Structure formats: structure tokens, C-alpha cells
Amino acid sequence: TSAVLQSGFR
Amino acid sequence: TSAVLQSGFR
Amino acid sequence: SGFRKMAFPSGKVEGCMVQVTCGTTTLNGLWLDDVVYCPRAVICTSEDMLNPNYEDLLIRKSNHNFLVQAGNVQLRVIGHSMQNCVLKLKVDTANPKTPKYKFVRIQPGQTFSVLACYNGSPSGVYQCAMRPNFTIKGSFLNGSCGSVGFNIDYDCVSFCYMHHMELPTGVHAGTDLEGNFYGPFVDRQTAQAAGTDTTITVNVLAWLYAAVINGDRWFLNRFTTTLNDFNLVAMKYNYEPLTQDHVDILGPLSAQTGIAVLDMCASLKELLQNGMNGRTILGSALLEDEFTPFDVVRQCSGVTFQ
Amino acid sequence: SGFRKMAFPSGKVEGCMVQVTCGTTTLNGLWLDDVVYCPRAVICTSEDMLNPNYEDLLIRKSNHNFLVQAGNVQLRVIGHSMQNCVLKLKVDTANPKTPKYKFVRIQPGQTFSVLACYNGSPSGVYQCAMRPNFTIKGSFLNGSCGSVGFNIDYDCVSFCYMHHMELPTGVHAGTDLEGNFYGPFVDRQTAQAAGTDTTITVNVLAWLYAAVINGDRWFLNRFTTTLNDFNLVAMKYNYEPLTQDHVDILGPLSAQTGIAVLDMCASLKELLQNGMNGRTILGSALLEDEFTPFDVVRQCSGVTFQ
């Protein structure tokens, strides 16, 4: 799989 | 052994 | 992903820690509004500690016999009273950093964060559980007396533990914030010993659910068990009896993972009978029992890694 | 007595956490003086993340495209710049809670406390090590990006980690506070993988010394070893080579316990060859490698339980 930038949603 | 009240010295 | 022993942010508690000194004896106090809470052991000297009469020791004290220091400010004590094994020192200044707070007496098997403190200065934070035998496996040195344990919910600090003493086995005993000891212990340096301890079964099950949430299923099996058949196995491995109340509390975790509670019990039964076979669960080679079901929901994703 | 994974009190860092939002993307920032530090990933949307050109994405932004919130106060951005993989947002208000601080880039094998944060709100604190492969085994969910790792010394917060991403193995990658990644990783959602990891040998030795300090000697033996003979055993168990610098760093712990460093290496060699025989050390069935020698001295008594 790919790396995940763990930003949030708003 | 005995219980120890873990107060400090000053 | 990941799963750590996670404590609550300690800042709201750090702002409440003070130093309380009576003569040559010093320890930590908890400054909330205009009251400082500390262990009554502060009014003893080394010759008093085997069988102190605290009522007799305290009536010989004046307000000015108590020196309270918040950082470098000295707080003047304008009143004092004893409640169980804590002293309540009325001070002339209300703590401007007082958080929203409650005093709570927790049940065994519940977890809390400990702010270890020395000379009124916080030194570290770690997570603890109240053992079934009402000790905690803390990390405390001389001078730690008065350090507090707590949980936080929506900016409300629920204080549940104030540290008093270390038992000969190296585990720790203390009180709620009203001064009532957890367990049968008393605040004197006598022959006392923690009773036989057991493993917190509902917490082990919660931690197995955390492992499934984070993507690991190797320990499951195709079997199930009755609650009574599980407890007969649990009892022979020194596990706490699992109750129907524990089963209900594991409801949300069972729903999120699709693993019935009694099915996870069958997995746990097999782990107890067979061991781990040199495998690990969430980075541990032992079955971990100091995460509550609430601790797992608070830390884990709401989405199972299926 | 006791020995816990102990984090630093987090209050000085909690006072610095803010929320940074660019459009629909939100994460955490670190508010020090009149600057907010956050990952540059905040300026991407879901369609940009596989190969963003951050320089091209950023020049299309104005100061008012960044919404910074500290609790409920909104901070106005009056300037912005990119440095490596962090953004520096100049705000109109200096943080009155700014602690004494430094930015430090740590070596692998060093430990730090992590303040996990979501929407600018601290949720928990735990202790981590920088693995030899420059990942950390954190516990992070979506929204944690921008959470910081730190150490504290004499009321000075040394920030050493800002969180960016999770790798397919569930471990975590991030930057120093200047925006330079630890390890070979880049802030884009591509095929990346942590390199092969090793065990931090000097930390395992420090933890064995902690066990002796706290009163346990069962794992020692009568043998010794040369440094080269130890490393040939360590290499076959995927342990980091132990250097003479590591031996010197273990000096104080060796002096406090009376156990020569190379003698503890012989104990460790035997533990690696024989296993633990169903015994535990400081409550662990595995050899623990996320305590530095400094961590042991900071937590343990200066007096060995002999």
C-alpha cells in the first residue's frame, strides 16, 4: 500500500 | 520488611 | 495505527502541584481553589512513623507550622483539618489554574494517569491500573508522596488517587482524594503486605479487541464457550471471574469487530492453555491487562483494519 | 521502586497546540512566539497527495487561506514561508504560554514523549524511541499530523519530532521541527517502506541495569566477553553493534550497580542465546529497548536495592 499523510478533514 | 511512607526530607 | 500505554495530557494537573513541608518532612500537595490536599504523613518525623497517632500529632500543630510553596510563591495556611488520611490546608490564595475537577473513587481494574512529583515539581507521567488487590504497580521514590492519579473527560479532571506508600513487594498503596485508602492498608510503617493479585480479565479481552481493530487476528479460533465454562478455565490461571456486566461493557468493541464476546473468550482460553507460541500481540509477549474497554475505544480507530 | 514507560509532563507543550486549516484539510500546529509550525501537507487536497509540488501549491495561497485556531480564538496569519516539509505561519499574536524551548534533531535510539493531538486538542501522551530505521512505533490516527515529540530539561522543552505520516507497516514517519524527515521518507502518498529495523543494544543494556537497580539479578552470570565477541553474537540476533561510545555512556549505571559493562554484555548474550525461561524482567517477557541510559538514571533510585 502507500504511505498515508495523517491530516484531518473539516 | 515494613511499608514505607514515601515522604521526602528537607 | 499503533497502540501505546497512553496517559492523559497532564498540564491541568501540573498547575495544581505544590510542596507541603512540616518541619523537616516534605511532600507534594494538590492545590484546588483555596485548599491544599496532601497526605497526613507530612506531620510525622522518623520517630513517629511506626505507630503515629495523627489526631494527637495534629492538635500540636498551628497553621504556621505548615509551609506550602507553589513554584517559588509561598502560600499562607489560614486553616487546617484532617479527613481520613489526608490533610486539607486552607490557604489565603485560590489557585488561578484550578481546572474543572471531580473527586472519584475508582473500582479495581480501572486505569488512570499518574503525575509523579517531587518537591512540588512534576517529573513524569505514566498510566496505571488499580490492581484487583488494590495496589498499583507505580514507579515512585522517596518524596513522591502526594503525587496524584487522574482521568480527564471533556476538560474535567477526575482525581482518583493520591500516593502514600510503597509495600515490601515494590508495589504502591494510596488513597482517594478524600483520604480513604484503596485496599486494607494504613498510613504507618508496619508489616503490611498486598494480598494475592489476579489478572483483570475484561481488560485482557479489551486488549485482544484492540489487536483485532489494528489488524491482527492470528489468535482467534473457530470455537466458542459458555460464560461458566470460561470462568472455570480463567480461575485456574488466576484470572478474575468474568461477569455478565463485563460482557455488556465489551459490547461496543464486539460490535466494531464482529467478534462475539464469548468467541473472544474462547480465543483467550486457548491463549491461556497454549501460550503465545513465540508470537506477540501489539508488541507484547504477555497478555496485557492494564487497558480498559474505554481505554481501547479512546485510542483505537473507529474503523477496524479488516 | 517500580519502572514504567514514563513521559515528560506535557503541560508546556499543550499550551502550544493549535489547529491549522487550509480549505477542507486540517491538522495540528505548534504555536511558539508569533510563529505557527505545521506540516506542509496542510495545503494539499485528496487529489494532490500522490505527487504534490508544494512550491507550486503554496504560491497559489494567500495568508488568509490559512485559518489558525488556538482553542476558540482565531489567529490571523500575517505571513507564511516553507522550510523543508514544514510551513512557518507568522501570526499577529505571540503565544503567551510559550515555554523556554529548543529545536533538536535527535539520533536514532533516543527517546521522546509524544503529545498526540487532534483538531488542535491534545488527546494523550506516551513515550517513543526513534528506531534505528528512523521510524517510530507511535499510536496515530487521521488528524494527528502535526503532533510533536519532545524532551524536557530544567523547564526547557526540546522539540525533536513533528508527525507526518503512517507507513504500510503501521509505523510512523515525521520530521524535526525544521521540516527535515528522519529517514529517507518524503511527504507524499507513494510506495514507501521502512527499512529493516534492529534492536537498540545500548538501551537493552540500560534496562538490564534498571532491573538490577530495582533489585533483580537473576539474569546475570559469572562470565564476561570482549566487545568484539559480543557484537558477533549481537549481529546474529539483529542487535545494533555496540560501540565504545555506548560503553562509556553506560559508565554511570555500571558504577552504581558494580556490574562492569562487558559483564552485563555477557548477561545479555546469555539471555539472547537461552531466552528468558518463562521469567520476566521489570514486568516484560521481551528485552525492552526503548529506555535510554539517561531515561534509567532519570527514573531509577540513585541507591541500588542490593
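For chain C, we keep the numbers from Swiss-Prot: what you see runs 3264-3569, in order.
Recorded method for this deposit: X-ray crystallography, 1.7 Å.
Cβ from N, Cα, C; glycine included.
Taken straight from Swiss-Prot:
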CROSSLNK  C:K3268  ubiquitin cross-link
CROSSLNK  C:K3353  ubiquitin cross-link
ACT_SITE  C:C3408  active site, nucleophile
Recorded sites compared (C:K3268, C:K3353) - highest count of Cβ atoms within 10 Å: C:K3268
Integer Å distance between the CA atoms belonging to C:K3353 (ubiquitin cross-link) and C:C3408 (active site, nucleophile): 20
Secondary-structure category, per DSSP, in which C:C3408 (active site, nucleophile) falls: coil
Cβ neighbour count (within 10 Å, all chains shown) around the residue listed as 'active site, nucleophile': 30
C:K3353 (ubiquitin cross-link) and C:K3268 (ubiquitin cross-link), distance between Cα atoms, whole Å: 36
Assigned element (helix, strand, coil) containing C:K3268 (ubiquitin cross-link), judged by DSSP: coil
